[PDB]
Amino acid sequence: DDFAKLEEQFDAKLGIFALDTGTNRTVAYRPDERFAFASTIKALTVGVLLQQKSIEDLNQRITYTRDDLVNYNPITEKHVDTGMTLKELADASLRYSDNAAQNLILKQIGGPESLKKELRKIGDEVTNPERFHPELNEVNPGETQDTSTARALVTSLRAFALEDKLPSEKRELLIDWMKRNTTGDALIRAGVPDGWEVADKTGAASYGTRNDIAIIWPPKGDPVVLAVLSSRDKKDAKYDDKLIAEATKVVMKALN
């Protein structure tokens, strides 16, 4: 198998699920295997935020301090004195994987347990948010806290971005943020021809966990929704982006 081969080449475990929303054809490989979801959860978290707020309500300004900043704060670290609006925090979380921005958003929607409950409400019984940054990224093999599966992430991303868990105006915000992600150029985007629009959210965590979930719009036709998840056996393992890009090429061929 080509996915087997990639696991062999990169000494890693792959979880793949892809759904062609036009034909309902799928590609699956360990689709129900749990991984730490890492930063991919940011995309569903903005999903819930959008559901719970009007678009105008996203203009509420959040005051924060150094105490709210954590390990990776590319946008939030610049605006402690002014604060940021919810809209600006959603942009920072989604486009730069700003961890403080995700923590602030999570607090505004009622914390990890509240996020879990809202995910259950949209039909996701798999994804298990429990912790804030930075703790959520430390997941040992066999533990379920802060994990999901490729199938569940695809199903939930679809629900928010493409189906009816959000009104069109809010779907458009979400899709536009993910389309202009700056963190993903070496992953799913790198397995898809230039010029196909891709909306994605990346993650990275311990045990060399390296994830990307995306919606891909092919030259006309309906979009594909894809999760590529990976992990490795040693806690301090490095990852390689190229695994995700090569996995994406295998998916596109299998759907073509």
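One-based numbering along the sequence shown.
Mean CA B-factor, 184-192 versus 37-45: the higher value falls on 184-192. Taking the PDB entry as given, 23-31 carries the higher mean Cα B factor of the two stretches 23-31 and 225-233.
The residue among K87, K179, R151, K117 whose C-alpha carries the highest B-factor in the deposited model is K117. Of the candidates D164, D91, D124, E130, it is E130 whose Cα B-factor is highest according to the PDB record. Among all modelled residues in this chain, the alpha-carbon of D98 has a temperature factor (C-alpha) in the lowest third. The PDB entry assigns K220 a C-alpha temperature factor belonging to the highest third of its chain's modelled residues. Looking at the C-alpha B-factors along this chain, the one for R66 belongs to the highest third. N211: CA B factor in the lowest third of modelled residues in this chain (values from the PDB entry).
Among the modelled residues of the chain, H79 sits in the middle third by CA temperature factor in this PDB entry.
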